[PDB]
Every structure is written in structure tokens, then in C-alpha cells.
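Colleague: my sequence and its experimental structure, below.
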Amino acid sequence: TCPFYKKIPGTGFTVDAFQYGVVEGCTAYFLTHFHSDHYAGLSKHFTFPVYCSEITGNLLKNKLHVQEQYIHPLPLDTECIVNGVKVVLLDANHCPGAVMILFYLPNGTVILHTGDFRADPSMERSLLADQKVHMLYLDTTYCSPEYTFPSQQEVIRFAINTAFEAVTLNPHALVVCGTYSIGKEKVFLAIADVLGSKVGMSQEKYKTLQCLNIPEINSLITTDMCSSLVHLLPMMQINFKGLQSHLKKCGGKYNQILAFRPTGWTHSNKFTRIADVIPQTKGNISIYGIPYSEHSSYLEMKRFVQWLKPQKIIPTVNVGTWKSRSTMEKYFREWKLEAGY
Ligand code: NI
């Protein structure tokens, strides 16, 4: 049965609610982005209307084989009427295709659902600038001051630099990058670009990336592993055993592997600066854990909410324990008293 925080009051609408069967009273199911925790339950046999971005829609069709008739893609930054309610999709700065959703209720309430997001000051000049928000359904993944990490751009600089150095010292080094969902594609695209190579990957992943509307994508990726000196592999294979085994497969073209695992936050962020990150090494194999986040840092979260000044905040992550819930309510109150709303 569907929890309260996935329902939109005074509408026939749910948000990311595909794993509870037929939700009593739902006329339209909204999917903010194509990550499995959020689409859990969708398949080719689902037969209600699904509202989403163009990108998300592409993945539903080709990856989950949802039929075309039940897919309703909407343009961003554009006012749209759905079951007689005005809605707007906004870019979430999460993974490809990820949206925030604005609902203009018939009673005059306005609700912002963030989906999964990474708060940015750029959002303070979207269509959010123009009016008030009563209720905010918030992505509270990192809602605690200990959660700090660099910008995406800093991380990318470290990675491009680390790869360019290693391969220029040893032209027979291979570079491997781990993946398990959509998101974080800049990591391996940036690395491939600096090395003048296409990114080589399984057929399943090539298919996934072909649904993302990235410009010039045919120029940047390939299933032909032999023609590539940057390879993608499943995240579970990014360890000494998995990499040794992959190097074998490459038929003596390479005598070294440098690999990256994009993580989210990890506790080495509580001490170490991005600059000072070092890898784990065993023999001819090095592995770097790099803190490339597609969710708000505590400070970025704090900024967006204090800017938006919502009347009520409903968290959508870390809702499972009383200690988590109480920690988040206290921060909300601090933020409100500091800002004056
Ligand atoms: Ni997500």
C-alpha cells in the first residue's frame, strides 16, 4: 500500500508509485526519473497513463518495454494541463531525464515535488521565481551538516587530469569506469574526450545511452571494445579480482589498469580534500573512489529551501526511523528561524 508522501492531495495523482498495484483513486502516475527504486513495479504489462520527461519515456519504451500508448512525455519549462490540473516539469539536475514537478491545485495551493535533485542557484531563475509554494516534497538524502562534497566540475578536473597523466606516462594503460544505473556519464565522457578515444561498453549499456538525447553521442561511444582505451564495466566488477579478469580478456594490448568508482558521499570526505585523494593499488591495478554526487549537499539543500520559503516540508528520503525524522525536522526549524519565514 502506497505511503502518504507519494500522494498529491486534491488530485488523482501519484508520484513514483508503481510498486503498490492499482492505487485507489489514481488517474495518472508520474515518474520523476528512471532509477529502479523509483520505477519499481513498471513493466510491459502496466496499463495506466504515465507522465514523465521525453528521455524517461524513451527508457520506459526501450528498456522496460512499456507500451507507447500509456506513455505521456512532456516538455520542460512549459505549462501543461493533465486531468484538468496545471503542471510544469523542471530540470532536477540529477540524472538524464530527471524532473521536478510543479502542481497548481484547483483550490489555489501550489506544490513542488523535487524527485531526486541536486540543488543549484540556477534554479532560483526557473519558473519557480514567480510564485509561492505551499508544500515542498523534498529529496532529503544528505540532510545533515556532515555531508559535504566538491562540485561536479572539481571532481571532473581531478579525474581528467589523473587519467591524462597516467596514460601519457604509460601508453599501454587501460582506463576502466564503473556504472550501475543512468547518471554520472560526464565521468567517463570527460575521460574519453581527453584521451581521444570512444567509450567502449556492453550492448545493454550502449542501448541505454542511445535513449538519453546526448548531442553527438555516436561520435563518443561504441560496442567495439578493441577500438577503445576507455571501457565501462558493471560497478560490482570494480575490484582487484574483476579487473585482473578483464585485463586477461584484452589480449595483451594493455599492461596496467587505472579505474574509477563514482560513489556518492563516503566518510573519507570528512578529512580528505578532492586534491589529496589517493587510490588503492595492487600490482599493475589502481582504483580511485571519486565523490561525484547527483544529490544536494547539506549546504546546497539549505540554500534552496531558505530561498523558496515553503510553508510545509515533507521529506521523501530517510523517512524510515524516528531518529532520522527528528533530525530533519530540527534542521527545517533552524533554517526557518535563521531566514525569518
Ligand atoms: Ni535517483
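Modeller: Noted; the coordinates are in hand. Numbering: from 1, shown residues only.

Colleague: and the nearest residue to residue 149 once chain neighbours are set aside, what does it touch?
Modeller: In space, residue 149 comes closest to residue 291 once its chain neighbours are excluded; the distance is 4.6 Å by CB to CB, 6 or more residues apart in numbering. Where you see a C-beta, it was placed from the backbone N, CA and C, and this is true even at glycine. The contact partners of residue 291, taken as CB atoms under 8 Å, 6 or more residues apart in numbering, are 149-150, 155, 263-266, 269, 274.

Colleague: closest one to the ion out of the residues you listed, please.
Modeller: Taking CB to the ion as the measure, the ion sits nearest to residue 264 out of the contacts of residue 291, at 10.3 Å.

Colleague: helix, strand or coil: sort out the residue nearest to the closest one when sequence neighbours are not counted for me.
Modeller: In space, residue 264 comes closest to residue 293 once its chain neighbours are excluded; the distance is 5.3 Å by CB to CB, 6+ apart. Reduced to three states with DSSP: H, G, I helix; E, B strand; the rest coil, the structure at residue 293 is coil.

Colleague: quick one: residues contacting residue 84.
Modeller: With CB under 8 Å, 6+ apart, residue 84 has these contacts: residue 106.

Colleague: do residue 194 as well
Modeller: Residues in contact with residue 194 (CB under 8 Å, 6+ apart) are 160, 163-164.

Colleague: do residue 39 as well
Modeller: Going by CB under 8 Å, 6+ apart, residue 39 touches 16, 18, 31, 60, 64.

Colleague: please redo it, this time with the cut-off set to 6 Å
Modeller: When contacts are counted by CB atoms under 6 Å, 6 or more residues apart in numbering, residue 39 touches 18, 31.

Colleague: and the residue nearest to residue 149, what are its bridge partners?
Modeller: Beta-bridge partners for residue 291, by DSSP bridges, are residue 263.

Colleague: can you count the residues close to residue 102?
Modeller: Around residue 102 sit 20 other residues, with neighbours defined as other CB atoms under 10 Å.

Colleague: quick one: the strand or helix carrying it near the ion?
Modeller: Following DSSP states H and E, one finds residue 102 within strand 99-104. No: interface with the ion: strand 99-104 contributes nothing (CB under 5 Å from the ion), its closest point being 11.5 Å away.

Colleague: in its sheet, what does that strand sit against?
Modeller: Each strand that pairs with strand 99-104, with its direction, by DSSP bridges: strand 85-91 (antiparallel), strand 110-113 (antiparallel).

Colleague: next secondary structure after the last one?
Modeller: Put plainly, it is strand 110-113. Elements were assigned by DSSP H and E; along the chain past strand 110-113, the next helix or strand is strand 135-138.

Colleague: what residue of the chain is the furthest out?
Modeller: Here the centre of the chain is the reference, and by CA atoms, centre = their mean the most remote residue is residue 252, at 36.0 Å.

Colleague: is it fair to say that residue lies in a strand?
Modeller: No: according to three-state DSSP, residue 252 belongs to no strand; its state is coil.

Colleague: per-domain residue ranges of this structure.
Modeller: 1-147+296-341, 148-295 (curated CATH domains).

Colleague: these two touch, right, residue 12 and residue 30?
Modeller: No: under the criterion of CB atoms under 6 Å, residue 12 makes no contact with residue 30, lying 11.0 Å away.

Colleague: burial check on residue 314, number of neighbours?
Modeller: Around residue 314 sit 15 other residues, with neighbours defined as other CB under 10 Å.

Colleague: ok, now the one 5 residues further on?
Modeller: Residues lying near residue 319 (other CB under 10 Å) number 14.

Colleague: ok, residue 87 next?
Modeller: Residue 87 has 20 neighbours, counted by other CB under 10 Å.

Colleague: send me the helix or strand harbouring residue 246 as PDB with only the CA atoms.
Modeller: Counting by DSSP H and E, the secondary-structure element that holds residue 246 is helix 240-249. Extracted in PDB, the C-alpha atoms of helix 240-249 (Å, rounded to 0.1, in the frame of the first residue of the first chain):
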ATOM      1  CA  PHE A 240      41.100  -6.300  -8.000                       C
ATOM      2  CA  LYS A 241      39.600  -9.800  -9.000                       C
ATOM      3  CA  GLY A 242      37.200  -8.300 -11.600                       C
ATOM      4  CA  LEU A 243      39.800  -6.000 -13.200                       C
ATOM      5  CA  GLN A 244      42.600  -8.700 -13.300                       C
ATOM      6  CA  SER A 245      40.000 -10.900 -15.200                       C
ATOM      7  CA  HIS A 246      39.000  -8.100 -17.600                       C
ATOM      8  CA  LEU A 247      42.800  -7.300 -18.400                       C
ATOM      9  CA  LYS A 248      43.100 -11.000 -19.400                       C
ATOM     10  CA  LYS A 249      40.200 -10.600 -21.900                       C
END
